[PDB]
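Numbers restart at 1 for each chain; the letters A, B, ... are given by sequence-line order, proteins then strands. Order of listing sets the numbers, starting from 1, for every ligand and every atom in it.
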Amino acid sequence: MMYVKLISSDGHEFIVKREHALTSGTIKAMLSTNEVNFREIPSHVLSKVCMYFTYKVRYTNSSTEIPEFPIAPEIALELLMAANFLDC
Amino acid sequence: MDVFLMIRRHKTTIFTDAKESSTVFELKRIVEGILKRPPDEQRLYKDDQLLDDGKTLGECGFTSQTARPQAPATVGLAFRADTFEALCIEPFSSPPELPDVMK
Amino acid sequence: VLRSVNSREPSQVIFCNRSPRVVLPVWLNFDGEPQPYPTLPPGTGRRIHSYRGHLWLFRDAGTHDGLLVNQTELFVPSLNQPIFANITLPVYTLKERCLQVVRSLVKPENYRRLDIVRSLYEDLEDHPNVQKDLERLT
Ligand SMILES: Cc1ncsc1-c1ccc(CNC(=O)[C@@H]2C[C@@H](O)CN2C(=O)c2cccc(N)c2C)cc1
């Protein structure tokens, strides 16, 4: 269907558009019952990953003047680790 | 004008977008298609404020410049069990302390 | 290969910084050597004198992060009314944006002290640089 579920290590369930989640080659491989469990990605990180999907779809080619994607210093290392695993 | 939202209930977070001109009821129809609960079994909130069905998202304070793709606005959600449960949103996990090397 | 053409034909340009970064314009000279030019604060514009066939690129002045100009990497002034050069942020990959934030918080001597896989230490150390972008070239 139109949406997929991404579950964080702490059990938060993130429901996102399939097309948004398929932007990650890792998630695409993990999907192929429309649900993926991330045993190592906590909610304060996975919520940011979902916000990145929305940002990327909205600002890719183009409409001009792209804002900066914000990342709080406290989440930066774990988000880097997740972006590296997800190929984001 | 598109608005970007997080519809949150307990440990569930729906990432979706809607028009600023769209209604609270139309957002319940979106929730219904995902969570399989009709609009009459739903209550939508802006912080602690119960949102009225016929009001637009824009009138409810969800604007294109505040409900951003990279920083979406939160809409609270509560279901009817028949009585409605109290609004409850589980916080996301707390980030660890900044490493010495990062501070 | 990547060098300005010595046309000697004037071309007026507007460098318009539509990014939240301090912008470093870089002119590629006749030998293909990068020449840095004065910086542009976040939302500023400058009317500058350049030449047809001259090559320019735009970087973040502090970190050397890559920027786009008219939605591409290189800007070449054409026949003139001044030519508008719209400098913007690219949609960085989440990994590249994360690497940018980590580099802004940790001194390069301290990258090795981070609890991350070796390949990430190498990604942090492989900071953006004009020379590496110029090569290649293909
Ligand atoms: C004020 C400002 N803020 C951001 S940039 C900037 C600025 C400042 C000065 C200029 C003057 N124009 C140039 O120096 C142009 C530019 C290039 O085309 C080279 N070029 C030449 O005059 C030229 C020509 C032949 C050989 C060589 N060696 C050069 C330098 C232009 C831009």
Side-chain angles (χ1 to χ4, degrees), chain A residues 55-56 58-60 62 64-71, chain B residues 70, chain C residues 2 4-17 19-93 95-106 108 123-124 126-130 133-135 137-138:
Chain A
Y55 170 87
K56 183 173 173 183
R58 175 61 183 84
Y59 297 110
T60 298
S62 185
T64 331
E65 204 167 352
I66 288 167
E68 196 83 70
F69 183 78
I71 301 173
Chain B
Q70 74 281 5
Chain C
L2 251 51
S4 284
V5 172
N6 194 10
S7 70
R8 294 174 172 172
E9 291 192 54
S11 176
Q12 306 209 16
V13 178
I14 309 295
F15 284 173
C16 173
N17 185 6
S19 86
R21 310 300 189 84
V22 174
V23 165
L24 180 68
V26 175
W27 174 54
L28 305 186
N29 79 13
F30 309 130
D31 300 327
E33 288 283 345
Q35 178 173 324
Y37 267 75
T39 61
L40 283 106
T44 71
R46 306 261 176 276
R47 182 161 178 166
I48 69 89
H49 288 71
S50 187
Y51 295 86
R52 292 172 71 188
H54 284 203
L55 256 74
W56 295 88
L57 58 91
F58 299 88
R59 296 295 186 257
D60 174 299
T63 68
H64 299 117
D65 295 327
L67 300 164
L68 294 181
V69 52
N70 296 341
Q71 299 298 318
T72 193
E73 280 185 65
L74 299 168
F75 172 76
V76 183
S78 47
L79 178 66
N80 284 145
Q81 176 141 27
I83 309 302
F84 202 81
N86 212 54
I87 307 145
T88 61
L89 274 182
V91 175
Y92 297 112
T93 63
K95 178 178 180 186
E96 191 50 55
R97 184 61 190 130
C98 288
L99 287 170
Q100 289 175 7
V101 176
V102 179
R103 294 179 188 124
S104 72
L105 299 157
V106 174
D123 291 334
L124 280 166
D126 187 39
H127 69 91
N129 79 90
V130 173
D133 293 316
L134 290 178
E135 62 198 32
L137 223 81
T138 59

ask   = What atoms in ligand 1 come closer than 4.0 Å to a heavy atom of C:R46?
value = 3 (N)
message = Side chains of C:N17 and C:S19 only: does a donor on one sit below 3.5 Å from an acceptor on the other?
response = yes
query = Nearest protein heavy atom to atom 27 (C) of ligand 1, by residue and atom, and its distance?
reply = C:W27 CH2, 3.5 Å
ask   = Do C:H49 and ligand 1 have an N or O pair less than 3.5 Å apart?
value = yes
C:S4 (side chain) donor-acceptor with C:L55 (main chain) under 3.5 angstrom = yes
key: Centroid separation C:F58 to C:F15 less than 6.0 Å   = yes
task = Using the side chain to side chain contact (heavy atoms under 4.5 Å, CB included) rule, pick out the option among C:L57, C:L89, C:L24 that qualifies with C:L67.
result = C:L89
Check: A:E65 main-chain N/O paired with C:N86 side-chain donor or acceptor under 3.5 Å = no
request  = Report the member of C:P77, C:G53, C:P38 with the shortest heavy-atom distance to atom 5 (S) of ligand 1.
outcome  = C:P38
Option set C:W56, C:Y37, C:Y51, C:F30, criterion heavy-atom distance to atom 8 (C) of ligand 1, minimum = C:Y37
key: Ligand-side contact atoms (ligand 1) for residue partner C:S50, heavy atom cut-off under 4.0 Å   = 17 (C), 18 (O)
